[PDB]
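To be precise, the following lines are data.txt, and they hold compact mmCIF, C-alpha atoms and all ligand atoms.
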# COMPACT_ATOMS: atom_id res chain seq x y z
CA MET T 1 0.00 0.00 0.00
CA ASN T 2 1.40 3.49 -0.59
CA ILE T 3 0.31 7.20 -0.28
CA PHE T 4 -1.23 7.25 -3.71
CA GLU T 5 -3.37 4.17 -3.25
CA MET T 6 -4.24 5.45 0.12
CA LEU T 7 -5.31 8.87 -0.96
CA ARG T 8 -7.11 7.31 -4.04
CA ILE T 9 -9.22 5.46 -1.58
CA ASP T 10 -9.96 8.37 0.57
CA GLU T 11 -10.58 10.86 -2.14
CA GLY T 12 -12.28 8.95 -4.96
CA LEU T 13 -12.05 9.74 -8.64
CA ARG T 14 -14.47 11.85 -10.55
CA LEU T 15 -14.07 12.99 -14.05
CA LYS T 16 -16.79 15.74 -13.87
CA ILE T 17 -16.82 18.88 -11.70
CA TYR T 18 -18.36 18.01 -8.19
CA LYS T 19 -18.96 19.64 -4.81
CA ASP T 20 -16.92 17.99 -1.88
CA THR T 21 -18.34 17.28 1.64
CA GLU T 22 -17.72 21.05 2.28
CA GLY T 23 -19.58 22.16 -0.69
CA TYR T 24 -16.36 23.03 -2.75
CA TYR T 25 -16.01 22.63 -6.42
CA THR T 26 -13.76 19.66 -6.93
CA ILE T 27 -12.61 17.33 -9.71
CA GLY T 28 -10.55 14.19 -10.26
CA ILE T 29 -8.82 12.73 -7.17
CA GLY T 30 -9.67 15.25 -4.49
CA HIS T 31 -8.46 18.27 -6.56
CA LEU T 32 -10.09 21.39 -5.02
CA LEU T 33 -10.75 23.90 -7.72
CA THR T 34 -12.09 26.95 -5.79
CA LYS T 35 -14.00 27.65 -2.71
CA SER T 36 -15.90 30.15 -4.69
CA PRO T 37 -19.73 29.57 -5.14
CA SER T 38 -19.35 30.22 -8.83
CA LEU T 39 -19.40 27.27 -11.30
CA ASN T 40 -17.87 29.39 -13.80
CA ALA T 41 -15.07 30.32 -11.47
CA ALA T 42 -14.66 26.60 -11.18
CA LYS T 43 -14.37 25.80 -14.85
CA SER T 44 -12.05 28.63 -15.37
CA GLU T 45 -9.66 27.38 -12.68
CA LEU T 46 -10.02 23.99 -14.22
CA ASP T 47 -9.14 25.16 -17.67
CA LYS T 48 -6.17 26.91 -16.24
CA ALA T 49 -4.91 23.88 -14.39
CA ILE T 50 -5.30 21.63 -17.35
CA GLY T 51 -4.27 23.86 -20.06
CA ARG T 52 -7.24 23.29 -22.34
CA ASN T 53 -10.86 24.26 -22.78
CA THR T 54 -12.45 21.56 -20.67
CA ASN T 55 -16.13 22.29 -20.25
CA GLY T 56 -15.72 20.75 -16.73
CA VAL T 57 -14.84 17.40 -17.85
CA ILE T 58 -11.42 15.66 -17.73
CA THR T 59 -9.74 12.52 -18.62
CA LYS T 60 -8.32 9.82 -16.43
CA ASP T 61 -4.89 10.66 -17.29
CA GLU T 62 -5.58 14.32 -16.57
CA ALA T 63 -6.99 13.45 -13.18
CA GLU T 64 -3.86 11.40 -12.44
CA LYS T 65 -1.71 14.11 -13.53
CA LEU T 66 -3.31 16.69 -11.17
CA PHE T 67 -3.07 13.87 -8.59
CA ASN T 68 0.71 13.50 -8.86
CA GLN T 69 1.13 17.29 -8.64
CA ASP T 70 -1.02 17.56 -5.67
CA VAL T 71 0.76 14.75 -3.78
CA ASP T 72 4.06 16.52 -4.64
CA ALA T 73 2.75 19.67 -3.41
CA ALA T 74 1.55 18.24 -0.17
CA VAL T 75 4.99 16.68 0.53
CA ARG T 76 6.71 19.91 -0.38
CA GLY T 77 4.38 21.69 1.90
CA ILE T 78 5.27 19.40 4.82
CA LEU T 79 9.15 19.74 4.24
CA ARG T 80 8.82 23.39 4.02
CA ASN T 81 6.87 23.73 7.30
CA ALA T 82 8.79 24.49 10.46
CA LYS T 83 6.24 22.63 12.41
CA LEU T 84 5.46 19.73 10.24
CA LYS T 85 8.90 18.76 9.07
CA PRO T 86 10.12 17.61 12.48
CA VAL T 87 7.20 15.36 12.95
CA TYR T 88 7.51 13.95 9.45
CA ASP T 89 11.22 13.28 9.90
CA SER T 90 10.59 11.60 13.13
CA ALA T 91 8.16 9.20 11.79
CA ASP T 92 8.26 5.78 10.14
CA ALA T 93 7.06 5.34 6.58
CA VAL T 94 3.53 4.48 7.24
CA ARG T 95 2.96 7.25 9.59
CA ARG T 96 4.59 9.72 7.09
CA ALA T 97 1.78 8.62 4.74
CA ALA T 98 -0.86 9.40 7.22
CA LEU T 99 0.62 12.87 7.73
CA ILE T 100 0.65 13.53 3.97
CA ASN T 101 -3.01 12.52 3.77
CA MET T 102 -4.01 15.05 6.31
CA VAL T 103 -2.00 17.68 4.52
CA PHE T 104 -3.57 16.83 1.25
CA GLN T 105 -7.10 17.10 2.86
CA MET T 106 -6.56 20.13 4.98
CA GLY T 107 -3.64 22.04 3.88
CA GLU T 108 -0.32 22.61 5.51
CA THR T 109 -1.89 25.39 7.56
CA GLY T 110 -4.77 23.30 8.69
CA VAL T 111 -2.48 20.69 9.93
CA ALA T 112 0.21 22.89 11.44
CA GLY T 113 -2.77 23.89 13.65
CA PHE T 114 -2.76 20.59 15.57
CA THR T 115 -0.08 21.68 17.97
CA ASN T 116 -0.65 19.26 20.62
CA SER T 117 -1.34 16.25 18.42
CA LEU T 118 1.84 16.98 16.61
CA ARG T 119 3.97 17.08 19.66
CA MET T 120 2.27 13.85 20.61
CA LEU T 121 3.21 12.10 17.34
CA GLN T 122 6.64 13.43 17.63
CA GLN T 123 6.98 11.73 21.04
CA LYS T 124 5.54 8.49 19.65
CA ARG T 125 2.71 8.55 22.22
CA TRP T 126 0.37 6.84 19.70
CA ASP T 127 -2.62 6.21 21.91
CA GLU T 128 -2.66 9.61 23.26
CA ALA T 129 -2.35 11.25 20.03
CA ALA T 130 -5.13 9.42 18.56
CA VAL T 131 -7.56 10.50 21.20
CA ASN T 132 -6.35 14.11 20.84
CA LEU T 133 -6.62 14.00 17.11
CA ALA T 134 -10.27 12.93 17.59
CA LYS T 135 -11.39 16.08 19.33
CA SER T 136 -11.56 18.14 16.19
CA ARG T 137 -14.01 19.41 13.75
CA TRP T 138 -12.08 17.22 11.17
CA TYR T 139 -13.09 14.13 13.04
CA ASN T 140 -16.61 15.19 13.68
CA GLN T 141 -17.15 16.22 9.92
CA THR T 142 -15.44 13.28 8.28
CA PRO T 143 -15.43 10.60 10.91
CA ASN T 144 -14.76 7.49 8.83
CA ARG T 145 -11.89 9.07 6.90
CA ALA T 146 -10.57 10.57 10.11
CA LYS T 147 -10.83 7.15 11.93
CA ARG T 148 -8.73 5.64 9.03
CA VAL T 149 -6.11 8.20 9.37
CA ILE T 150 -6.02 8.03 13.20
CA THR T 151 -5.80 4.23 13.21
CA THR T 152 -2.91 4.48 10.87
CA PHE T 153 -1.16 6.81 13.29
CA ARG T 154 -2.02 4.50 16.14
CA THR T 155 -0.92 1.33 14.68
CA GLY T 156 1.72 2.27 12.15
CA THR T 157 0.22 -0.34 9.66
CA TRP T 158 -2.18 -0.27 6.79
CA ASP T 159 -4.96 -2.26 8.42
CA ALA T 160 -7.50 0.43 8.17
CA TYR T 161 -7.15 0.43 4.58
CA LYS T 162 -7.10 -3.30 3.94
CL CL T 201 -2.91 23.32 -10.31
CL CL T 202 -15.79 10.47 6.27
Rendering of file as structure tokens:
Amino acid sequence: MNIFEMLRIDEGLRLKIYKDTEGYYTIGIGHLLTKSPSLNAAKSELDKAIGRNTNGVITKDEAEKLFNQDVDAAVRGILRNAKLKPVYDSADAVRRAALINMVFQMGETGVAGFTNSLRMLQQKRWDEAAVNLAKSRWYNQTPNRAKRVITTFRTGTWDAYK
């Protein structure tokens, strides 16, 4: 199992513009287009990301291509973050994956927010972290996804996703 297959599971794959759990215009494998309410704003951003006149519809390959960039960007965004980086370097491979997932979902910023959870992960206090991670709007809005991610942090294995 790796980050890609993990995020593909959590994010899905949709070839036509859609609105995410949050109501955001999305496409492909969890690619957020805009938080704007405008559909047009959406298709514009899409056209811009793809480099062609889409009419809100993309190919498989195109989704996978936005997918690689966005995983790249999430990683980059961890290794660039004074707060994240230390946690990520402290962790084992599986748990690095779980961190990336969160960062792909919620943004670097979003995650850098979890001060206490982070310190917890850094310390390798798995059970505690998991209960702190759980007291969050993230958990209460996307509980099954969240549970997947927290289990992964707890266990350091891919069970949740098998
Ligand atoms: Cl882009
Ligand atoms: Cl969920």
At what distance in Å, to one decimal, does atom CA of residue 92 of chain T lie from atom CA of residue 156 of chain T? 7.7 Å
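You will find atom CA of residue 151 of chain T at 16.1 Å from atom CA of residue 122 of chain T.
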Pull the closest atom pair for each residue of chain T that gets at most 12 Å from ligand CL 202 (chain T), along with the distance in Å to one decimal, counting all atoms listed in the file, ordering rows by chain and then ascending residue number, as a Markdown table.
| residue | atom | partner | partner_atom | distance |
| --- | --- | --- | --- | --- |
| T:9 | CA | T:CL202 | CL | 11.4 |
| T:10 | CA | T:CL202 | CL | 8.4 |
| T:11 | CA | T:CL202 | CL | 9.9 |
| T:12 | CA | T:CL202 | CL | 11.9 |
| T:20 | CA | T:CL202 | CL | 11.1 |
| T:21 | CA | T:CL202 | CL | 8.6 |
| T:22 | CA | T:CL202 | CL | 11.5 |
| T:105 | CA | T:CL202 | CL | 11.4 |
| T:137 | CA | T:CL202 | CL | 11.8 |
| T:138 | CA | T:CL202 | CL | 9.1 |
| T:139 | CA | T:CL202 | CL | 8.2 |
| T:140 | CA | T:CL202 | CL | 8.8 |
| T:141 | CA | T:CL202 | CL | 6.9 |
| T:142 | CA | T:CL202 | CL | 3.5 |
| T:143 | CA | T:CL202 | CL | 4.7 |
| T:144 | CA | T:CL202 | CL | 4.1 |
| T:145 | CA | T:CL202 | CL | 4.2 |
| T:146 | CA | T:CL202 | CL | 6.5 |
| T:147 | CA | T:CL202 | CL | 8.2 |
| T:148 | CA | T:CL202 | CL | 9.0 |
| T:149 | CA | T:CL202 | CL | 10.4 |
Within 9 Å of (-0.7, 18.8, 4.2) in the file's own coordinates, which protein, DNA or RNA residues have an atom, counting all atoms listed in the file? List them as a ChimeraX atom specification. /T:73-78,84,99-112
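Selecting all polymer residues at most 10 Å from ligand CL 201 (chain T), using all atoms listed in the file, gives residues 31, 32, 33, 45, 46, 47, 48, 49, 50, 51, 65, 66, 67, 69, 70 and 73 of chain T.
With atom CA of residue 27 of chain T on one side and atom CA of residue 94 of chain T on the other, the separation reads 26.7 Å.
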List the neighbours of segment 35-44 of chain T out to 12 Å using all atoms listed in the file; skip same-chain residues closer than 6 positions along the sequence, and give me the result as an MDAnalysis selection string. chainID T and resid 16:20 22:27 50:58
Residue 126 of chain T environment, 10 Å, all atoms listed in the file, sequence neighbours closer than 2 positions dropped, as an MDAnalysis selection string: chainID T and resid 117 120:124 128:132 150:156
File dump, residues just selected, C-alpha atoms, as an mmCIF file, keeping the file's coordinate frame:
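File written: part_31.cif
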data_model
loop_
_atom_site.group_PDB
_atom_site.id
_atom_site.type_symbol
_atom_site.label_atom_id
_atom_site.label_comp_id
_atom_site.auth_asym_id
_atom_site.auth_seq_id
_atom_site.Cartn_x
_atom_site.Cartn_y
_atom_site.Cartn_z
ATOM 1 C CA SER T 117 -1.340 16.250 18.420
ATOM 2 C CA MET T 120 2.270 13.850 20.610
ATOM 3 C CA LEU T 121 3.210 12.100 17.340
ATOM 4 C CA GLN T 122 6.640 13.430 17.630
ATOM 5 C CA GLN T 123 6.980 11.730 21.040
ATOM 6 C CA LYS T 124 5.540 8.490 19.650
ATOM 7 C CA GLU T 128 -2.660 9.610 23.260
ATOM 8 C CA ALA T 129 -2.350 11.250 20.030
ATOM 9 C CA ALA T 130 -5.130 9.420 18.560
ATOM 10 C CA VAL T 131 -7.560 10.500 21.200
ATOM 11 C CA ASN T 132 -6.350 14.110 20.840
ATOM 12 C CA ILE T 150 -6.020 8.030 13.200
ATOM 13 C CA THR T 151 -5.800 4.230 13.210
ATOM 14 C CA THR T 152 -2.910 4.480 10.870
ATOM 15 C CA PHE T 153 -1.160 6.810 13.290
ATOM 16 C CA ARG T 154 -2.020 4.500 16.140
ATOM 17 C CA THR T 155 -0.920 1.330 14.680
ATOM 18 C CA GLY T 156 1.720 2.270 12.150
#
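The smallest atom-to-atom distance between residue 86 of chain T and any of T:161, T:62, T:135, T:118, using all atoms listed in the file, is found for T:118.
The shortest atom-to-atom distance to residue 113 of chain T, with only C-alpha atoms taken into account, belongs to T:83 out of T:14, T:8, T:83, T:96.
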